[PDB]
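Data block below; observations after.
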Amino acid sequence: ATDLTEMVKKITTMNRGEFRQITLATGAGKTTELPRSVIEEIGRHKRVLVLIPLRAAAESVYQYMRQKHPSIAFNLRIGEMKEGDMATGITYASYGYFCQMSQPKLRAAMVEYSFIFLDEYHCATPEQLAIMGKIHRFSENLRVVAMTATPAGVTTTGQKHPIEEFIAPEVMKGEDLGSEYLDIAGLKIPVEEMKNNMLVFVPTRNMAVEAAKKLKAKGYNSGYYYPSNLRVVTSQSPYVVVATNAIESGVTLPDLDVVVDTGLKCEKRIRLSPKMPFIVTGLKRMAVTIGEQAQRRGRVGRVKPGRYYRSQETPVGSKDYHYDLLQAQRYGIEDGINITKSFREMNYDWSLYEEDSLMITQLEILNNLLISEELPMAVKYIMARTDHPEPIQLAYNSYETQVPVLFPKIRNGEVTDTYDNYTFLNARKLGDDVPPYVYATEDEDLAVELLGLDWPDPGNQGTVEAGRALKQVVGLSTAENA
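Those letters in the sequence shown? Residues 203 to 355, 357 to 429, 434 to 689, by the authors' numbering.
What follows is the structure in structure tokens.
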């Protein structure tokens, strides 16, 4: 914390229009003690903002801090826009709170803070990405500090005992392995490890259940997660629990010995092409980050020494924020702002994320299309009220169709007579008439293929031109390759 005085002195000497990126653990007083030291240095009646991804996390820090430091004023902004707000202490807000204001309102609000702390920036949530790109637009008027706990790689964790690291080989097409090894999540693990308390990390919800039943069939005390039910399994040692990445999220495992990590996870990803639909989104099995691998390994070696079995799968450096960046675009529609351009411009100055230039380029071309015309009021309303998980799909598609279509759900790899229905859409079923979608889902595309149907081609100048622009951009990437 001697080094905290250094950080504080560096932050507090900052001039308007300046930026600092800081790396320090959560238990090192990031989110908390840093902004506290800064306000104590600059004056308690000055205003300092701390942006937190989760509303819950914001409220939790607010409570903790106001009780721990009663001489410093504290504010919480996770609800409705507090008009003309001028609260003097430290304000703990969510990025989503500032997403309610127009650019001018946002700027007027933001310039009134002496310092702006962007907490947990590599979570890269859509609200986070939109706010950072948006405020960067007037960064000359601000003093901003981006804080992180564990940046791009092992990583920073709560280890107290040593962890034995192992590389488990992948199981080969029905290989024999009797009385010595067992197949758990596609990995060859010694049967001796079943005498210990196990946690198995798996990507899909289906894999977590399928491997749990196979282990119970083999006579092991197995469970699955994707908490009271596991509590039952967890009471008897030895236990094996097959859980998704969602396991870590406040669920307890008593006296855990061994972790088996498949190295995989299921996340939303995007594909872009010059052929319409230019955008197709869907869940996809991918590799976990070095940070996520460290979180998985970190579940052991806390109270007793651990054992970590990992797959041959190599972890990725940074998280893939392209899907969240696409979702973030929604926050510039009313203002006529290209969120993709703002992100790119902010990142150039702040150097917070790794970049995929072809993808940013394509996302930016499409973003220009998204804001090329005022959104129909009808669409604005649906997007505001639907429980549809990706309302921006509605905004993009409106450049071709105003009628949402219901594509038959895909169970296994086959087309069902099941449909997904969300509120306010007032949709029609696919039938055999494929809509001219600019933005589609992996499954909407699959149904189209399985049914032997075809996606229409650009029906207007703007859409035809976005396609040609995308084709041109891809042409260079391909030509550059060799």
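Even for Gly, the Cβ is constructed at its ideal location relative to N, Cα and C.
message: Beta-carbon within less than 8 Å of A634's beta-carbon, same chain only, minus the 5 sequence neighbours each way: which residues are those?
response: Annotation for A634: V610, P611, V612, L613, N628 place their beta carbon closer than 8 Å to its own, counting only its chain and skipping 5 residues before and after.
task: Let me know the beta strand (DSSP E) ranges lying completely inside the segment 574-660, each 3 residues or longer, listed in chain order.
output: Listed in chain order, the complete beta strand (DSSP E) runs (minimum 3 residues) inside the segment 574-660 are 615-618, 621-626, 646-648.
- request: For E499, name the three-state secondary structure that DSSP assigns.
  value: In this structure, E499 counts as helix in the three-state DSSP scheme.
query: With 16 as the cutoff for other CB atoms within 10 Å, does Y588 come out buried or exposed?
result: Exposed: under 16 other Cβ atoms inside 10 Å.
query: With a Cβ-Cβ cutoff of 8 Å, do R249 and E342 count as a contact?
result: Result no, Cβ atoms of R249 and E342 do not sit closer than 8 Å.
query: Quick one, are the C-beta atoms of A453 and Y429 less than 8 Å apart?
result: Contact annotation: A453 and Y429 have beta-carbon atoms nearer than 8 Å.
query: What is the C-beta distance between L471 and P406, in whole angstroms, given that I count them as a contact (C-beta under 8 Å)?
result: Under the criterion of beta carbons closer than 8 Å, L471 and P406 qualify as touching, at roughly 4 Å.
- prompt: When burial is assigned at 16 or more other CB atoms within 10 Å of the CB, is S239 buried or exposed?
  reply: Label assigned to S239: buried.
C-alpha distance - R246 paired with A388, whole-angstrom precision: Their Cα atoms are separated by approximately 55 Å.
query: Nearest CA to the CA of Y603: which residue from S296, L251, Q534?
result: Answer by Cα proximity: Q534.
message: Count Cβ pairs between the segment 589-602 and the segment 554-569 that sit closer than 8 Å; are there 3 or more?
response: No, the segment 589-602 is not in contact with the segment 554-569.
task: Could I get the ranges of all uninterrupted alpha helix (DSSP H) runs contained in the segment 526-572, with 4 residues as the minimum, in chain order?
output: Listed in chain order, the alpha helix (DSSP H) elements of length 4 or more contained wholly in the segment 526-572 are 529-535, 546-557.
message: I need the straight-line Cα distance from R345 to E243, nearest angstrom please.
response: Straight-line Cα distance between these residues: approximately 15 Å.
- request: For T214, I'd like the list of residues in its chain whose CB is within less than 7 Å of its CB, leaving aside the five on either flank, ordered along the chain.
  value: Answer for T214: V240, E243, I244, listed in chain order.
message: For the pair the segment 538-552 and the segment 561-581, tell me if three or more CB-CB distances fall below 8 Å.
response: Contact between the segment 538-552 and the segment 561-581 is present, because at least three Cβ pairs lie under 8 Å.
- prompt: Which whole-angstrom value describes the C-beta separation of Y427 and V466, a residue pair presumed to lie in contact below a C-beta threshold of 8 Å?
  reply: Their Cβ separation, rounded to whole angstroms, is 16 Å, which puts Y427 and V466 out of contact at 8 Å.
- prompt: Quick check: the segment 436-451 against the segment 476-496, are there 3 or more CB pairs under 8 Å?
  reply: Taking 8 Å as the limit for Cβ pairs, the verdict is that the segment 476-496 does not touch the segment 436-451.
- prompt: Under the three-state reduction of DSSP, which class applies to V240: helix, strand or coil?
  reply: Reduced to three states, the DSSP call for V240 is helix.
message: Distance check for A585 and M375, CA to CA, integer angstroms please.
response: Linking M375 to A585 through their CA atoms gives a straight-line distance of about 55 Å.
message: Between the alpha carbons of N574 and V671, how many angstroms are there, rounded?
response: So the alpha carbons of these two residues sit roughly 15 Å apart.
message: Across the segment 259-268 and the segment 285-294, are there enough close Cβ pairs to call them in contact, namely three or more that are closer than 8 Å?
response: Contact between the segment 259-268 and the segment 285-294 is present, with at least three C-beta pairs closer than 8 Å.
Runs of beta strand (DSSP E) wholly within the segment 469-523 (minimum 3 residues, chain order): Within the segment 469-523, the runs of beta strand (DSSP E) at least 3 residues long that lie entirely inside it are, in chain order, 471-479, 486-494, 513-517.
- request: Give the straight-line distance between the Cα atoms of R504 and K526, rounded to the nearest whole angstrom.
  value: Taking the CA atoms as reference points, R504 sits about 18 Å from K526.
field: Where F221 falls: helix, strand or coil (DSSP)
entry: In the three-state reduction of the DSSP assignment, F221 falls in the strand class.
- prompt: Within 10 angstroms of its Cβ, does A227 collect 16 or more other Cβ (buried), or is it exposed?
  reply: Looking at its Cβ environment, which holds fewer than 16 other Cβ atoms inside 10 Å, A227 is exposed.
field: Test item: CB-CB of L206 and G231 under 8 Å
entry: Yes.
- request: Kindly provide the ranges of any alpha helix (DSSP H) runs that are 4 or more residues long and lie completely inside the segment 268-319, ordered along the chain.
  value: List check, alpha helix (DSSP H) in window: 305-312.
query: Secondary structure at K419, three-state DSSP: helix, strand or coil?
result: Three-state result, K419: helix.
- request: Please state whether DSSP places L683 in a helix, a strand or coil.
  value: Note: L683 maps to helix in three-state DSSP.
query: Using the beta-carbon count (16 or more within 10 Å), is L637 buried or exposed?
result: Burial state of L637 is buried, judged by a 10 Å Cβ sphere holding 16 or more other Cβ atoms.
message: Looking at the secondary structure, which residues open and close the alpha helix (DSSP H) in which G335 lies?
response: Segment 328-338, the alpha helix (DSSP H) holding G335.
- prompt: Is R438 helix, strand or coil by DSSP?
  reply: Three-state DSSP puts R438 in a helix.
- prompt: Opposite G389 in the DSSP bridges: which residues?
  reply: In DSSP, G389 forms no bridge with anything.
message: I believe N399 touches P445 by the beta-carbon criterion, under 8 Å. Please report the beta-carbon distance rounded to the nearest angstrom.
response: Right, the Cβ-Cβ distance comes to about 6 Å (below 8 Å), so this counts as a contact.
message: Beta-carbon within less than 6 Å of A203's beta-carbon, same chain only, minus the 5 sequence neighbours each way: which residues are those?
response: Excluding residues within five positions, none has a Cβ falling inside 6 Å.
- prompt: What's the call for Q265, buried or exposed, on a 16-neighbour Cβ count within 10 Å?
  reply: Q265 comes out exposed.
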